[PDB]
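**Student:** Structure below; questions to follow.
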Amino acid sequence: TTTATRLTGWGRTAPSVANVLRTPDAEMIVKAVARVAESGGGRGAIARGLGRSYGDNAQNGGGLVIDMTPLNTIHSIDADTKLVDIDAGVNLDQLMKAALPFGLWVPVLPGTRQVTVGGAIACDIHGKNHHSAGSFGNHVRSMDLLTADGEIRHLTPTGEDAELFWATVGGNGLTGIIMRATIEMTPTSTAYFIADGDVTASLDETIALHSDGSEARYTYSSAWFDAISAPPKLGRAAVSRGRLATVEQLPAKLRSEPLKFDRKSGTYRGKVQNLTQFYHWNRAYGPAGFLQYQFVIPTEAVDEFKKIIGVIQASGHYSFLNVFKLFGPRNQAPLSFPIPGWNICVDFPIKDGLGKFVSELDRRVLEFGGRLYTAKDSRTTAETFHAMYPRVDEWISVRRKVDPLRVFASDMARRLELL
Ligand SMILES: Cc1cc2nc3c(=O)[nH]c(=O)nc-3n(C[C@H](O)[C@H](O)[C@H](O)COP(=O)(O)OP(=O)(O)OC[C@H]3O[C@@H](n4cnc5c(N)ncnc54)[C@H](O)[C@@H]3O)c2cc1C
């Protein structure tokens, strides 16, 4: 029933071997969890989606990994309530295609659409619209969680199991297997954005543009960011901002199928773009090529943020692929990554000294009240991680109640002592 398989995250690093269960039969999934539990726990089990997380949260060396991609049924779609009821293995591209004809839009879309609903919830993913829509967890209306007792429980964000619900959001699969969920989509009349572009010349200008109140005029905003140029050109950015377009805003040609599926001059106003145009290596060149690194610094620590940016460019580790964004308010999930503040993802070529240097970055992010993202990490320590997440003891306490025998476990769980 299972296949022994070498697994890595997307960055192709830190391999380990698991027995992988891959079945479309939910009852086989239920049985397998029971078998792990009735064996007393052992090396446990963890769900896996499309493996787009960069780190080691979707693998479990010497244990069971359940590939959830065969559970990919969209059970229902409701345009009045905006609710969509889908198996956890359905991916966002599939959901986007299925929901567009109903005038519904996936409420949080990350950099790639090849992620499962299960992985979207488990990592509480964020997108270009975080400051207006929060993260993926914000839009979960309910979910069915297969817990260690072999029971599938219906969780809601305000019901009696609210605590377990919010521990499951951002929980990295460690409260159990999400089987199915109900997502509240965002109403839309088109599959297009109307975008404004602006280019800044310095970190100070990038920061000023994000704090001048203009951000409140756009639902989506992010920026490509310069991390190599010495100051004052350090931190200059190419900012892409916009919102979903209405049909009347569409070019005449495009108005017939409005819900169709799919330096200096980078300044513009009212550009009409589809998803691909509006939104836009490690796998191709890994694990030898690149270390991805993502962090957020609280809004009020703006000078600490600039310092870290300064430290990065002076390091001699140079990243071209940089994404920057001002996060909005956080949600109630103890281990949710986003907090309001300055978010940046960088991508360092793997070079001598890199490891020691990012360990120093860790220290700075931590001291300044910031955090790393589990979906981008395969290397930090338990000590650093627990320190970045003041609600980790609270979260661990929920996990112990719902999984006393540690039926659910992963390489990440052991590394960061979340087990
Ligand atoms: C090119 C690229 C761009 C990206 N951009 C973004 C971005 O803009 N914003 C962002 O927030 N993230 C981004 N990510 C990270 C990605 O969105 C998250 O890692 C997401 O969790 C991946 O989903 P997945 O189905 O591949 O899950 P996997 O990587 O397979 O698993 C990730 C975690 O989810 C858990 N999980 C998966 N399915 C279930 C389930 N059914 N039940 C319980 N737990 C489950 C796993 O146990 C694991 O802990 C990006 C990744 C890549 C490769």
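Residue numbering restarts at 1 in every chain; chains get A, B, ... in the order shown in the structure tokens, and ligands count up from 1 in that same order.
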Counting only C-alpha atoms, what is within 7 Å of residue 220 of chain A, bar same-chain residues fewer than 5 positions away, as number ranges by chain?
**Tutor:** A: 128-129, 241-243
**Student:** So which residues touch segment 100-117 of chain A within 8 Å, counting only C-alpha atoms, skipping near sequence neighbours fewer than 3 positions away, as a PyMOL selection string?
**Tutor:** chain A and resi 49-52+69+77-79+82+87-93+95-97+120-121+125-130+133-136+139+181+184-191+259-261+279
**Student:** Applying 12 Å and only C-alpha atoms, which residues near residue 288 of chain A remain after dropping the ones on its own chain fewer than 2 positions away? List them as a PyMOL selection string.
**Tutor:** chain A and resi 11-14+281-286+290-292+348-352
**Student:** Enumerate as a PyMOL selection string all residues of segment 151-237 of chain A assigned to strand (DSSP E or B) by DSSP on the backbone, naming them with the chain letters and numbers the document uses.
**Tutor:** chain A and resi 152-155+177-184+186-187+192-199+220-225+237
**Student:** Would you please give, as a ChimeraX atom specification, all residues of segment 141-335 of chain A that DSSP assigns to alpha helix (DSSP H) based on the backbone?
**Tutor:** /A:162-168,203-210,275-279,282-285,302-314
**Student:** Excluding segment 226-228 of chain A and its own-chain neighbours fewer than 4 positions away, which residues fall within 10 Å of it when counting only C-alpha atoms? Please give them as a list in words.
**Tutor:**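 Close residues of segment 226-228 of chain A: residues 201, 202, 203, 233, 234, 235, 236, 237, 238, 309, 310, 311, 312, 313, 314, 315, 316, 317, 318, 319, 320, 321, 322, 323, 324 and 346 of chain A.
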**Student:** If you keep N, CA, C and O atoms, can you produce a file of those selected residues as a short mmCIF file (atom, residue, chain, number, x, y, z; two decimals), in the first residue's frame?
**Tutor:**
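Wrote it out as again19.cif, contents follow:
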data_model
loop_
_atom_site.label_atom_id
_atom_site.label_comp_id
_atom_site.auth_asym_id
_atom_site.auth_seq_id
_atom_site.Cartn_x
_atom_site.Cartn_y
_atom_site.Cartn_z
N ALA A 201 13.90 55.08 -6.12
CA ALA A 201 15.32 55.24 -6.39
C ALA A 201 16.17 54.89 -5.18
O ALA A 201 17.40 54.92 -5.24
N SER A 202 15.51 54.53 -4.09
CA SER A 202 16.21 54.30 -2.83
C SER A 202 15.32 53.55 -1.87
O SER A 202 14.11 53.52 -2.03
N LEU A 203 15.94 52.98 -0.84
CA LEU A 203 15.19 52.31 0.22
C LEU A 203 14.23 53.28 0.90
O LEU A 203 13.09 52.93 1.18
N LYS A 233 21.21 53.74 -3.74
CA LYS A 233 20.39 52.99 -4.69
C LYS A 233 19.92 51.66 -4.09
O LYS A 233 19.02 51.01 -4.63
N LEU A 234 20.53 51.26 -2.98
CA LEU A 234 20.10 50.10 -2.22
C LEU A 234 18.64 50.23 -1.82
O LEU A 234 18.22 51.26 -1.28
N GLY A 235 17.84 49.20 -2.11
CA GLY A 235 16.44 49.22 -1.73
C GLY A 235 15.51 50.01 -2.63
O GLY A 235 14.34 50.21 -2.30
N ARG A 236 16.01 50.47 -3.77
CA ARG A 236 15.11 51.01 -4.79
C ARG A 236 14.23 49.85 -5.23
O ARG A 236 14.66 48.70 -5.18
N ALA A 237 13.01 50.14 -5.66
CA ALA A 237 12.06 49.08 -5.96
C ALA A 237 11.18 49.37 -7.17
O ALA A 237 10.91 50.52 -7.50
N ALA A 238 10.73 48.29 -7.81
CA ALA A 238 9.76 48.39 -8.89
C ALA A 238 8.43 47.87 -8.35
O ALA A 238 8.24 46.66 -8.21
N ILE A 309 18.69 45.35 5.81
CA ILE A 309 18.86 45.50 4.37
C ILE A 309 20.31 45.91 4.07
O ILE A 309 20.95 45.38 3.15
N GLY A 310 20.82 46.85 4.88
CA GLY A 310 22.21 47.28 4.76
C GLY A 310 23.19 46.14 5.02
O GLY A 310 24.19 46.00 4.32
N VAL A 311 22.89 45.32 6.03
CA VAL A 311 23.72 44.18 6.36
C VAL A 311 23.75 43.17 5.21
O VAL A 311 24.80 42.60 4.90
N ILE A 312 22.61 42.97 4.57
CA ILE A 312 22.53 42.02 3.47
C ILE A 312 23.41 42.44 2.29
O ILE A 312 24.23 41.65 1.81
N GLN A 313 23.28 43.68 1.84
CA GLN A 313 24.08 44.10 0.68
C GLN A 313 25.61 44.15 0.96
O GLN A 313 26.40 43.91 0.05
N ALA A 314 25.99 44.41 2.20
CA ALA A 314 27.41 44.48 2.58
C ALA A 314 28.03 43.10 2.82
O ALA A 314 29.24 42.99 2.97
N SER A 315 27.20 42.06 2.84
CA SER A 315 27.68 40.71 3.15
C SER A 315 28.53 40.09 2.06
O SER A 315 29.35 39.22 2.33
N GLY A 316 28.35 40.51 0.82
CA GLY A 316 29.01 39.82 -0.27
C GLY A 316 28.21 38.62 -0.77
O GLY A 316 28.69 37.85 -1.60
N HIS A 317 27.00 38.46 -0.24
CA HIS A 317 26.08 37.44 -0.75
C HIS A 317 24.99 38.19 -1.51
O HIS A 317 24.23 38.96 -0.93
N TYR A 318 24.95 38.00 -2.82
CA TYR A 318 24.17 38.90 -3.66
C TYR A 318 22.93 38.24 -4.27
O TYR A 318 23.04 37.23 -4.96
N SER A 319 21.76 38.83 -4.01
CA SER A 319 20.50 38.28 -4.51
C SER A 319 19.80 39.21 -5.49
O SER A 319 19.58 40.38 -5.19
N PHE A 320 19.46 38.68 -6.66
CA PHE A 320 18.73 39.41 -7.69
C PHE A 320 17.23 39.27 -7.53
O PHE A 320 16.47 40.21 -7.79
N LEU A 321 16.80 38.09 -7.12
CA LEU A 321 15.39 37.78 -7.01
C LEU A 321 14.87 38.15 -5.63
O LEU A 321 14.97 37.36 -4.68
N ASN A 322 14.33 39.35 -5.51
CA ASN A 322 13.89 39.87 -4.24
C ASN A 322 12.47 40.38 -4.34
O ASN A 322 12.14 41.13 -5.25
N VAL A 323 11.62 39.94 -3.42
CA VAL A 323 10.25 40.40 -3.38
C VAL A 323 10.00 41.09 -2.05
O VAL A 323 10.38 40.59 -1.00
N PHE A 324 9.36 42.25 -2.11
CA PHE A 324 9.15 43.06 -0.94
C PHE A 324 7.66 43.41 -0.81
O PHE A 324 6.98 43.60 -1.82
N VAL A 346 14.46 36.89 -0.14
CA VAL A 346 15.68 36.98 -0.92
C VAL A 346 16.13 35.58 -1.28
O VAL A 346 15.64 34.60 -0.70
#
**Student:** Hey, which of A:176, A:340, A:170, A:251 ends up closest to residue 152 of chain A? Count only C-alpha atoms.
**Tutor:**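 Ranking A:176, A:340, A:170, A:251 by distance to residue 152 of chain A, first place goes to A:176.
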**Student:** Would you list the contacts of segment 54-56 of chain A as an NGL selection string, taking every protein, DNA or RNA residue within 6 Å and counting only C-alpha atoms, but skipping same-chain residues closer than 6 positions in sequence?
**Tutor:** :A and (9-11 or 375-378 or 411-412)
**Student:** Tell me which protein, DNA and RNA residues are within 10 Å of residue 137 of chain A, counting only C-alpha atoms, leaving out same-chain ones fewer than 5 positions away, and put them as an NGL selection string.
**Tutor:** :A and (108 or 120-126 or 142 or 157 or 165-166 or 168-170 or 183 or 331-333 or 336)
**Student:** From the options A:218, A:337, A:389, A:268, which residue's atoms come nearest to ligand 1, counting only C-alpha atoms and all ligand atoms?
**Tutor:**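 Among the listed residues, the smallest separation from ligand 1 belongs to A:337.
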**Student:** So that I can check the surroundings of residue 277 of chain A, please list as a list in words every protein, DNA and RNA residue that reaches within 10 Å of it, counting only C-alpha atoms and ignoring chain neighbours fewer than 6 positions away.
**Tutor:**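 Once the nearby chain positions are removed, what remains is residues 192, 193 and 262 of chain A.
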**Student:** Nearest to ligand 1 among A:409, A:419, A:194, A:84, with distances taken over only C-alpha atoms and all ligand atoms: which residue is it?
**Tutor:** A:409
**Student:** With only C-alpha atoms and all ligand atoms as the basis for distance, which of A:74, A:179, A:18, A:143 is at the shortest distance from ligand 1?
**Tutor:**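 Using only C-alpha atoms and all ligand atoms, the shortest distance to ligand 1 belongs to A:179.
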**Student:** Measuring between only C-alpha atoms and all ligand atoms, which one of A:293, A:327, A:368, A:373 shows the shortest distance to ligand 1?
**Tutor:** A:373
**Student:** Of the residues A:180, A:31, A:264, A:131, which is the one nearest to ligand 1, using only C-alpha atoms and all ligand atoms?
**Tutor:**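 When distances to ligand 1 are compared using only C-alpha atoms and all ligand atoms, the smallest one comes from A:180.
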